[PDB]
Structures are given as C-alpha cells and as structure tokens.
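Before any comments, here is the structure.
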Amino acid sequence: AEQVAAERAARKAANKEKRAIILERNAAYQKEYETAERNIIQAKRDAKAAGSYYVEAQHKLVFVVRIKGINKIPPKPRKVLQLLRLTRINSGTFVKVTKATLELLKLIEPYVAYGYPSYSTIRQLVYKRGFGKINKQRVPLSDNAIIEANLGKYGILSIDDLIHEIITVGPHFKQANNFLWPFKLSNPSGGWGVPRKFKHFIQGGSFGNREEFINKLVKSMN
Amino acid sequence: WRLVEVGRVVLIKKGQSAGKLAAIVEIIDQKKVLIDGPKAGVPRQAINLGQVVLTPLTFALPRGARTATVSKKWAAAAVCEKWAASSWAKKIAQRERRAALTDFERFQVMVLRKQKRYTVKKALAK
Amino acid sequence: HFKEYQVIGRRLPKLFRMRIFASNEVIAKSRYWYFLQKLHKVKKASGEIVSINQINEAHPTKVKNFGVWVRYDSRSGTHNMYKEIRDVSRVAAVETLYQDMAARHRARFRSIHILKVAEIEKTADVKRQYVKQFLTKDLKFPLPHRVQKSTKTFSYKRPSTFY
Amino acid sequence: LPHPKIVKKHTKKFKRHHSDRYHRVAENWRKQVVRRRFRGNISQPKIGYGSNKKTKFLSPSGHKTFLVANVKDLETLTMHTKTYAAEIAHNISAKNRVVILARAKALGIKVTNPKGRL
Amino acid sequence: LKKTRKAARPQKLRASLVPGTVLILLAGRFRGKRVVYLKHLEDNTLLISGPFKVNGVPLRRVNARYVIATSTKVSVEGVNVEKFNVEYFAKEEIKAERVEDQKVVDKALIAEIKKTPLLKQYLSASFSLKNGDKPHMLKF
Amino acid sequence: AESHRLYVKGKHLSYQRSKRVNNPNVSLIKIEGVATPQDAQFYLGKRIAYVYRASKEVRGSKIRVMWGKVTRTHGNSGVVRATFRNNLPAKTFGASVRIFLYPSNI
RNA sequence: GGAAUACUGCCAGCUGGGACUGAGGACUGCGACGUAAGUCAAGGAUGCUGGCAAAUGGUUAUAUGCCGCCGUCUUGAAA
RNA sequence: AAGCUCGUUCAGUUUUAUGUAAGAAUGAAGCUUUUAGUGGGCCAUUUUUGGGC
RNA sequence: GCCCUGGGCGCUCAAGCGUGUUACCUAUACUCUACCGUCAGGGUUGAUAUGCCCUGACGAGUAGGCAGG
C-alpha cells in the first residue's frame, strides 16, 4: 500500500516543523538568559559607579538534598521530607522559595543541605538524571515528544522548555516539578571535604544553606 | 655557616617555582621570610624556611627593595654566573641531562664509558 | 585561608558597618548577623544585608607590623586583648592570630571577635618584644639542625643536619 | 550458538546448620545465630539466588534433559530436537537401551547418559 | 540477530609510531631486540625489519601495544614495502621468497643504518633493563 | 647482556580489606621505585605475572604462571591495586611479582 | 596610564591513560551527515587473530590471609 | 480480609487573619464488617520534686 | 594554654594537645549495570491466552495471616 511512505513523510514533516519550533524557542531562551545576566551586571556596575549599594533580588529558586539517613529521624522532619519527596538519602528536588517553604527547610535543615542552583547545574541535572513521572511510572527524558505529550497543554514541548520553566519558576512550576521524578544523586566525587558531615556549613560542617556552593556540591554529587 | 639575611640567594625546593633561584628581601618572622626572583620569573611572595634551602652565595640588596630594584641588583651582582660554577648547580644540570638521556644516547654513553675504562685501566699500574 | 569582607546592615538608616573575616561570604554574613545582636537589638528577618564586598590588600608586597585588637570569650567571660603581629597582609595576620589563640588560649573562630587592625609605621611603637626584636637593622641568624625529607627508606651516608 | 555463559550464582550446595558436628542431623536444608544471618555464618537460601529464565534447567551442553522410556517418547522430541536431549531412565534394561540409542542417533537426539549397562 | 550498528572504523595509530622508527619488542622469541618500523598492515599489525642482516630478526608482523616507541628514526623512503601484504604471512621449512625478499629489503636499509654512527652496533645489541631502572621516568 | 629483565619487579602486600573484613578479589601490589600515585599512573593496565615452581610437571613445563592485570592506584605511597582471573594464595603475602611493560603507549 | 596574573563560574571546547559492563536479538521509533543514492558514535558488540586431547572447570584433603554448641525459659534484648 | 462508590479526598507537613471563608505552598479518600495475635520493662528525654534518694 | 600533688608494641620538634589545609583507607550506605521474585500500569484472539510480552517500583523482621511448591 501507499501508507508506508505517506505516513513516514507526514510524520517526518511534522517532526521537522516541531524541531524548528523548538530551535527558535531555545534560541529565544538563550538570548533572554544572556540579556538578563548582562542587565544584572550592568545594574551592579551602575550601582557601584553611582556610590550607592545594590538591591539584589531575592532568590526565587532553591534546591534541597537529603544528607542524613532514615534512622533516628524525628517524626516531624521525616514527615516534612516525605511530603518534600526527599525519601531516600542523596535525593533532592526543586522547591519554590516562600515563607511557607523557608519555615519548612528550617525544620529539616539539620538533616538536609540546600542552596541556590544555576542554569548550568539545572541543565546538567535535567539532561543526565532527569526522569519524568508518567502514569505513575518512572520514564527517563530522552525524546522531546515524551515531554510534549505530558506537558503539551502547558506549552512545554522540549527538555529546554522544562529547564526554562524550572529555572524561571514560571506559572507552571508546580506541574514541572511534579512531573520530574526525585533526582537520584551519588555521593560527591571528591567527598564532603569537612571531616564531620553532621555539622552546620557555616561552622565547617555540611548541612545548611550554602547558596552558590550548592552548585559545586551537586556537580560533584552528579 | 649559611645565615639568613637581606640579599641572601636561595633555592626553592617545592612549588611551581621549585628549582628556581630567589633572594631574601625582608625577614617577616623566625619561620617566614619575603623572597623575590624577577630573573627566574617567580612572583614576589612570602615563603616559609621549610620550603626553601639557603645557598652559600650572597649579594648586597637594599632592605625592602622593590621588584625593579631587586632585578637591577641581581643583574649587577651576576650571581647567576657564580651559581652555575658551583658544584651544586653542576650536579643539578648533570642529573637533568642524565634523566633526559635517550636509549640510543644511553647506549652511546655505555660505549664511551667502556672506551674510557679501557684507557683508565691501562693507565694504572704503569 | 581566611578572606576579608565588608558587610553593612540597616534593618530595612544608620547603616551599621563593620569588617568581617571569613573563609566565604556565607560565613561572613552569619558572623555579621551574630555581631548585630551583640552591638544592638536586631534580627535576621528585620531587614537585609545592604551590601557585601570582599576587600583585597592594597599591596600584598610590603611587610607591615599590624596592630590588632581582639576580644575573645574565654571559659570565664570575655576579656579585651591587644596584640601586634608582623606580617604582609591583614588576611594572613588575622589567620596567624587565630592560630596562636587556638594554640594557647584554645580560642577559635566561634569565640573570637576582631575589633580593629592597623599598621604601625614607626619603630618603638610596638610594645611587644617578640615583634620588637625584628624591627632592628638588617640582622643575620642561622638555622641550626636542619633536616631533609628522605624519600628513600634507606640511607647509606649517615645524613648530617648542617645548614 | 545460543549457549551463553550460565552463571550458577551459588555453585556450593547448601548444607543444614551444624549437620557436620552431629551425625543424626541430615544434610537436607531446614530452617531453625543462623536465623540472624550473623557475619561468618552459612548463608540462607533466598529469592536472590533465582536462576535466569532463559537459562534455567539448561545443562552445560545447552540442552534440556528429558527422561525417555519408550520409542514414542523419544519420537515426541523430533520437533524439539534442537532444545531437548534424551535421557534413559536407570530402570531401562540394556535390551531396550540399544534400540533407544539407535532411534536417538537416527533422529539426531543427543543422549545425556549413553553407555548405560553396555 | 538484530542489525548491530557498529561500523569497522579504521585504526588510529598513536603519534609516537612513525615509519622508520626504532621499535623494541617486549614479547616473543625476539623480545628485547631492537627493530625498525616499516609499514602498517590492514590487519592492525606493524610491518617491521631487524634488519635481518644486522640482528637476525626477519620481517615480521607485530602488535603496537607490545612495542615501545623510541625517538631514534631512520630513513625508510627507499624501501618498496608495498609488495608485502597480509596474504604474505598465510600458511594454511623457510620459503624461498622469504630469503630473497628479506635480503632485498635489508639491502636498501643497511646503508641507511651505517650512515648513522654506532647505529648498526646499537641495533645489534639487545635491549634489557638494569638494576635501579625506572621506566616511567626514562624517556626511552 | 647479563640482565635479561624486561618487567618491573615488585612485592605483594595483602588483599583489599578493612579492619576485620578482607576481599581477596583485589590484591595490593607494591612496585619498586614507585613513591606516589602519579608515578604509578603509568603502570595502570600492565599485566602482572606471578611465577612459582611445583614438583609435578604441568602440561607445558615445570613452571606455572598466573595472568593478572592492573586496575588503579592505592594509597599515597604509590601502591597499585591488582586483579587476577584467579586470586593469589594468601601464603604469597610479601612475595615478589612480575609487572610487564605491555600493553604500552609511550 | 596600561595590561598581565591569583580566585570564582561557563564552555551544547579539544585531546588521552586505566577499571567493570556486551546486557536486547531479522526492519518498523527520535535524530545527525548528504544536492541524491545512501552513511552514521543515532531505542544494548562488532571485525580480525593465536593456543587446544587432555582443553576451561567441578568435589575432596591438607597449609596459608580474615571471620565464628544447641530448642524452652524470665522477658529489658540477660547472663 | 471483607460491598459500595467517590477520584478525587487526605496529612504527626510550614506563617497573616482570630484557630479560620484560605481562589497560600508541598505531597498524594470514605463508611463499614469480622479476624489471628496483642496486659514489658527499659536507654535517653520531658514536667524540671525535695534534700542522700 | 599544658604539667606536677590532685588495646598491645611503643611514642617525646609525638606516633601527646587545639585548630587550619589537601590526599588516602571502606558498610549490606550511596551512584551505573546483570539476574529471581513480589506489587502496579499497558499490548494481546477478523487467532498469536490459567498464555507470549513491554515499562516502573520494591526486597529487614518474632507471633500471626495469606500465597506457591
């Protein structure tokens, strides 16, 4: 029959059109990121030159990783971790920054480490350990069609779209975070560094808010 | 008896500047001193005595001399020529060359050693 | 390896300013917040850190007899202490003071407060003999009983400690 | 050929705990420190030792052993000669063993235990 | 069997192996002998010559991973090695061609070897280790 | 030449282990002259051969040899981990070993 | 006045050394190369070569490196 | 375990209301009915009791 | 700050003490992969079946309960 070639040609044309759409979207996202970083740097330069202090915006995205085992965990932190999908050790997920969540991290802070990720780390995680949740099953993200089918209605049709939504904390942050399976992370390649892991980071420990150092820690744990 | 003093030339034992020559410009304390070596390219920085070995050579240097003054005094003193004539520098160069010898170069060295040994043995007793 | 940072705050004004020495900006912010409670009554949620910037030595190529005023919380209260240290930079001078305190008084980063650091450009101003001895004219002294790290397990020459 | 490495997982056959010390205790495995799987003690058989489906029951020669005691049983393997090998029961007399071996050779079926009582 | 997607990409030789380079064999009857590289064969072996007239090592196929490279090089442009091929070593006692071809090959290389002083005797001497040797430090 | 050696000599210390647990699947081999892991990096992937003599004449000779390989460095003293298709007997603790120069890359 | 350099972070930059893994089983799927045929590192290893009539390996004894009497009992897991 | 039927309803999870209409965040149901067993003390902790316990 | 009165060998510019900086040792912990099983989802017959399969997760445990040999 003539279907064998006709269907192949039609699907190839549709895939080519979708590829061009994704390419233009990715180019726009990259241009937006570059412009935002350049504008931030220019604003800092202007503040420094004008003899006035800078008013950096609050960190709207944080990442939390489980650092302690299940044993002897008090019930409240254990429930917090369970509701945060931080069940097994060395696992983490992105969470929106709010007082409702900051006060939650305050309780699990002794048993978790968190900070402010970056575009490079988020992209690396999504590309390597990025696993999607479909029909309650764990499906690795390897094709743009897989993500598009589950989040097409939300305007997400590629891995780059998912990364852009996650980093920008856009309107569909809830759905993007839920679709992503909790990240399975190995122990750091270079080790935790400090001789005693179970201590506050600000006093030579590990657990606690470390801001940019979380990006370095994740890459070693990736 | 080698003594630490301003203008004393030293050899760095470990670090990116290991194997290069520097001079003590100003002593900081019992264990740390300030050294420089513009000719060798080592940046002006402080170093501990444990990481540096004092050479027997010495030259006059103004206290707290800057990089330009240190370089000018080093060039004027020509301490580099004295260092090369020292047996220590000769041994260092010999070790470097010997480690850099190729297999064919080593075979030629063995042949020359046998040739020299023949004559040396013939020279004995006589 | 410490680092010098300038941290200011105003509880969202007077713009309280002080110098904080820490290995990273995160520790510097925590130390600034802790010192805020001692200086006055302020909380972290009250405002925000207006600006934090690392301060580099103007010229890390000159030996300076740093005069440092340090207050530490000993096992029986806190006492004001003053010391002079000969070094090339403030970052190294404060680290040396911290190490000396930990070696003797066993005071560490947790219970040490840095008040002021200032250079001394005139002789006879340093009242500490251990620094005063190094302020004389170009001197010379030996390094007896020097040793060498013998990588080889065995030695055949009976090494000597001469320098 | 389709005879990949067959990993036995645990070649050593399990033995009943303390059976060596006491004669009356048989070597047949039976459940009860062993129950607590203490360090340095015999391992307990469990679901971890399950053999792969694609290689279960396969002999090292890569063929299943099928017991045969009549001409019809041997002929039944004519379709499955590629996978099933013949095996003569110990109760078969030598008189029928010759016929069974001849039929197996003529139909290409390998005999796992030839030369029996011959 | 599924259509395995594994193309037979041509072998890539390390930059330390160049025609006319002096090779050292670590395995085989000629282990420790010095040999001269000539041509790379389609079978991923290295065509080498002693030469036979100098150290007795004939033309043989060898594996690169068992050969230590050396900086010493000699001219090998005048030797027509195109005649030799993988089929030249098949067997399915010395063959007559094995002598004449070896002599012809060595005739176009003995002069080059003699051009460099002490190179003939250097090749005639088998390489061997000695007490205190540190191959990792040595450049070979 | 009097010396025909073509392999770097060494010694066998003990298998990879803990305070009370030892895994014979990995053997710690010490190479003479090596001092730091950086130097030992060159010996990675080199075949390790152990030679011992037996009264009985085996199929090929009176000599029996085990064919192993190098895996990775170990410790700060330059020790390198060695793995063999058949683990060496524990009686050879402290015995010498042969480390060949192939496969090579220099 | 000028660069340089330490440090931080990025490279959908390059180039190697070493360790384990070969799991699926005629093509259907997403991609790159190409003007087209076709090729590809693209939903899981292929190509070549050498040694072999005891080959590889199994049970067992003995010696080496490390580890280590039973069921019921009070019930605080216990002697 | 045993029927229904709602796919959503729930939480040892976290702040403003004055304990909540929460179109605040995060994670991801209910009534039944009969059916085996279940009557311990203790390590640390909490409330922080007095003169050893 | 430390001393005096108040695991074995040994260690004394420690191989003792406090602290700072790198590397290394390895749990059944963690990360990648091979296999058994349970649990969950799905393809299946104009015949390919209490079967042939694809995908994911999970694997401690006395009494007790259920299932399969």
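Chains as they are written, first to last, in this note's numbering: chain D, 27 to 248; chain Z, 30 to 155; chain G, 1032 to 1194; chain S, 3 to 120; chain R, 30 to 169; chain Y, -11 to 94. Beta carbons are placed, not taken as given, at the ideal position from N, Cα and C, and that holds for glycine.
{"Item": "Going by DSSP, what residue range makes up the alpha helix (DSSP H) through S:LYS84?", "Value": "Looking at the DSSP string, S:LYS84 is not in any alpha helix (DSSP H), and its letter there is neither H nor E."}
{"Item": "Please state whether the Cβ-Cβ distance between G:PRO1173 and Z:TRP30 is less than 8 Å.", "Value": "yes"}
{"Item": "Kindly give me the distance between the Cβ atoms of D:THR119 and D:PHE227, rounded to whole angstroms, as I take these residues to be in contact under 8 Å.", "Value": "Contact flag wrong, Cβ pair sits at about 20 Å."}
{"Item": "Taking Cβ positions only, does Z:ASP132 come closer than 8 Å to chain G?", "Value": "no"}
{"Item": "What residue range is occupied by the uninterrupted beta strand (DSSP E) comprising D:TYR140?", "Value": "138 to 141"}
{"Item": "Report yes or no: do the segment 193 to 209 of chain D and the segment 147 to 163 of chain D share at least 3 C-beta pairs separated by less than 8 Å?", "Value": "yes"}
{"Item": "Would Z:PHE88 count as contacting chain R if we go by Cβ distances under 8 Å?", "Value": "no"}
{"Item": "Within the continuous alpha helix (DSSP H) that includes D:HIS190, where are the two ends?", "Value": "185 to 194"}
{"Item": "Given 8 Å as the limit, is there contact between the segment 177 to 184 of chain D and the segment 135 to 152 of chain D, that is, 3 or more CB pairs closer than that?", "Value": "no"}
{"Item": "Can you give the Cα-Cα distance for Z:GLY79 and G:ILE1116, rounded to whole angstroms?", "Value": "21 Å"}
{"Item": "When you compare each of G:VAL1081, G:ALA1138 and G:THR1092 to residue 1198 of chain G by their alpha carbons, which one comes out closest?", "Value": "Residue 1198 of chain G is absent from the structure shown; chain G starts at 1032 and stops at 1194."}
{"Item": "Decide if the segment 51 to 65 of chain Y is in contact with the segment 19 to 28 of chain Y; the criterion is three or more beta carbon pairs, one per stretch, under 8 Å apart.", "Value": "yes"}
{"Item": "Under 7 Å Cβ to Cβ from S:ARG32, same chain only, skipping five residues before and after it: list those, please.", "Value": "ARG18"}
{"Item": "How is the alpha helix (DSSP H) around Y:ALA37 delimited, first residue to last?", "Value": "Premise fails: Y:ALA37 lies in the beta strand (DSSP E), 36 to 41, not in any alpha helix (DSSP H)."}
{"Item": "Check S:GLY52 in the structure and name its three-state DSSP category.", "Value": "coil"}
{"Item": "Taking all protein chains shown into account, do 16 or more other C-beta atoms lie within 10 angstroms of the C-beta of S:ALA28, making it buried, or fewer, making it exposed?", "Value": "exposed"}
{"Item": "Would the beta-carbon of G:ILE1083 fall within 8 Å of that of G:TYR1036?", "Value": "yes"}
{"Item": "Could you give the DSSP three-state label for G:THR1182: helix, strand or coil?", "Value": "coil"}
{"Item": "So R:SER155 contacts chain Y; which residues on that side make the cut at Cβ distance below 7 Å?", "Value": "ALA(-11)"}
{"Item": "Should G:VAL1081 be flagged as near chain D, meaning a C-beta pair shorter than 8 Å?", "Value": "yes"}
{"Item": "Do R:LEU138 and R:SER78 have their CB atoms nearer than 8 Å?", "Value": "yes"}
{"Item": "I believe G:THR1167 touches G:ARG1177 by the beta-carbon criterion, under 8 Å. Please report the beta-carbon distance rounded to the nearest angstrom.", "Value": "Actually they are not in contact, since the Cβ atoms of G:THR1167 and G:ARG1177 sit about 24 Å apart, beyond 8 Å."}
{"Item": "Nearest chain Y C-beta to R:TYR95 closer than 8 Å, yes or no?", "Value": "yes"}
{"Item": "Do you know how far the Cα of G:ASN1055 is from the Cα of D:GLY219?", "Value": "15 Å"}
{"Item": "When the Cβ atoms of the segment 63 to 79 of chain R are set against those of the segment 146 to 154 of chain R, are three or more pairs found closer than 8 Å?", "Value": "yes"}
{"Item": "Given S:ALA71, which residues of its chain have a CB within under 7 Å of its CB, disregarding the five upstream and five downstream residues?", "Value": "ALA91 and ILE94"}
{"Item": "Interface residues of chain Z around G:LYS1171 at Cβ under 8 Å?", "Value": "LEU32, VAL33 and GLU34"}
{"Item": "Which first and last residues belong to the beta strand (DSSP E) in which R:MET166 is found?", "Value": "Here R:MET166 belongs to no beta strand (DSSP E), and DSSP marks it neither H nor E."}
{"Item": "Is G:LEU1174 close to chain Z? Criterion is C-beta to C-beta, closer than 8 Å.", "Value": "yes"}
{"Item": "Between Y:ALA23, Y:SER(-9), Y:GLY82 and Y:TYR3, which lies nearest to Y:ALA70 when the distance is taken from Cα to Cα?", "Value": "Y:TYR3"}
{"Item": "Which of the three DSSP states, helix, strand or coil, is assigned to R:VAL115?", "Value": "helix"}
{"Item": "Measure the CB-CB distance between D:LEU133 and D:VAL106 and report whether it falls below 8 Å.", "Value": "yes"}
{"Item": "What number of angstroms, rounded off, separates the C-alpha of D:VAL90 from the C-alpha of R:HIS165?", "Value": "46 Å"}
{"Item": "In the DSSP assignment, what residue or residues form a beta bridge with Z:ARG135?", "Value": "Answer by DSSP bridge pairing: none, since Z:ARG135 is not bridged."}
{"Item": "Could you please give me the residues that DSSP links to G:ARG1117 through a beta bridge?", "Value": "G:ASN1096"}
{"Item": "Once DSSP output is grouped into helix, strand and coil, what is the label at Y:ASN11?", "Value": "strand"}
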